[PDB]
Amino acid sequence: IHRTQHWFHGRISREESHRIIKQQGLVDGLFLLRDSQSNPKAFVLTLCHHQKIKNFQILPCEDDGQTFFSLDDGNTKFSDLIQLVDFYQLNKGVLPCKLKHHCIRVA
């Protein structure tokens, strides 16, 4: 589970995640994943690029009993958040840039 993943920050707010990204340098490709505050089964990719912070909702869908996740309306689907991060570290897709450095969790 992504709960052991260093890029996963769990239940922090939008505001908190922006504060974290800024404090750790506002560098291109700096990112973190967290829980969505608007959907208990969704997550959010928070990503910095050109000194701007974007939030991408990662929505679940069920295909034949198994949950898949997507931030681009099903064009690109993943069995879990680990696959999602591995993919966007290697491909830009709809993102402004590839995922590069994760933010370190803050107490």
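From 1 onward, residues are counted along the sequence shown.
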{"property": "8-16 set against 21-29, stretch whose average Cα temperature factor tops the other in the entry", "result": "21-29"}
{"property": "Mean C-alpha temperature factor, higher of 30-38 and 59-67", "result": "59-67"}
{"property": "Of the residues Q51, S79, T46, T76, the one carrying the largest Cα B-factor as recorded", "result": "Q51"}
{"property": "Chain-wide C-alpha B factor ranking for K100, given as lowest, middle or highest third", "result": "lowest"}
